[PDB]
Each structure stands twice: as C-alpha cells, then as structure tokens.
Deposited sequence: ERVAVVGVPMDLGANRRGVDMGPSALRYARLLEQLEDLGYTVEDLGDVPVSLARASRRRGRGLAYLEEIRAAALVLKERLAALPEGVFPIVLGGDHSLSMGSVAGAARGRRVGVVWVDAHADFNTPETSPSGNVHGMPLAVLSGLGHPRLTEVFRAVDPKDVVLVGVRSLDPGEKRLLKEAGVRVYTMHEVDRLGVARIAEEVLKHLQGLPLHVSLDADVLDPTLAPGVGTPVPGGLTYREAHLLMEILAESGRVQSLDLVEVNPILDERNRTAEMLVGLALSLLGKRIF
C-alpha cells in the first residue's frame, strides 16, 4: 500500500554518460502520480546526495550507495521502495538496504551481467560490478558494505553482452543466467516462471536496467546494446513477477535523457514499474 521513491542522480565512471539525469526524467514521466492513480499512497523522499565528476570514483560511488542503503534500511516494513537512477552501481546500496538483513531473491533484468571485479573488468568501471559486489565478489571497500545476496539467489534476465572474465565468475559462482538466447527459445513467460521457481519462497527485489530494452525502442540509456527485449516482453515479465505477490522492492536505472527521444525510455520504465506493481489493462 505504501511506496517510497528515492533518486540517485549518479553518473560516475571513466567518463560521464548522462545517466545522472535519469531520476528527473523518470519523475517527469509521472511515476508518482500514476502510482497514486493505481491506489498507492506515495511519498517522494527526494534524491541521495551524489558527488559529480568533471576504478574511478570508487569512494564517491561507495559513499552515495552507503547513504542510499542506510536510507532504505530505515524505511518502515511494509513500505515498497523504488530507487530511480543513473548508474547501476546504486543497486549495491538499494539491494543491501531494501533487503533489511533478510534473505532475498534478486531478479536482475539487464543487457549486462554487471558481474565484473577489478581483476576481470576491461574498463575498471564500478557500474559494471554491482551484482558481483552484492554477491560477495570484488573490491574489499565495496563488499564490506554491500554484500547482501548469495549467488544462488540471483537470476539474470535479458543479458546479451558479457566480458570474458565475467563469464568465468558467473559460472563459478553458479549464477542462473537467461540470456537473449534463452528468451528467443523459451519466451519470457516460461523464463518468468522459472525465475519465480528458482527463487521460490523468497521476497523479490527487481533491478531493472533500461538497456535491457531494444535500443531501437528505448534509445535513452547509459550503455545501449542492440537486440533486446520488446516493450511487451518486459511488461509480461513484470506482470508475472507481480502475480507471485513476492516482489518487495524495485530499481529503475540507467535512464539517459541525452540519447532519449522525447523521454520515451523513461516513460517505458515507468510503465514497467506500474505492471510490476499490479497495473493491468482491465
């Protein structure tokens, strides 16, 4: 019944990408008003202070994610949190915070696996390491604060771009991965069912990266990758997860207004969030 929205205008890495503008764009797509139209009483908590830029910014990223984690950990139980963002790095904080010390399942819908470590990453970008850090792998400065899930409780969906070392780390941690190959073979409905089954009995945290959507349909993303999910597919996925009645938190990240076309990518993620929260055509 209660939903809290918080943004993390973060765009920290080797170079800027423009995703720090994601929260404003999402709010612009009327996420709050539509959540109210749905029947939820909503409160916008504002934004988490984030340093900007002119393993880069690890401490600044760590610092912002920490403020975020602490903020979400303090929300009363029964409050569904929605973290809006730019850099997927924020999920280190949202997942660790929204989990509130319990065992929770993570449904990571991304074109990327974000399972790199300082040793396997070709770019050194922390925003390509959040899920690995959440699983207990990576820089000591990050895992000491955000390690919150067991790789056995993580399901990746829509992945279509992986780094060599990433593949090794995912196989050895044994993370369940549904790449676009699996989507093209099984369809999103069966994959959604397998997701719920693989993580049965667990509260669910959904981390939705805008880039999972095909860039032809959703151009405004931090790192575009060709051939992703259609809008109806991402929708069906959210609907089925919603039906489980087990989703407890959500991240809407990587929106990049600079590359967007009339905020349509921000609008799609807002639409996806509504489905995850039970919005149906009828």
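Only residue range 55-62 of the deposited sequence, counted from 1, carries no C-alpha coordinates in the model.
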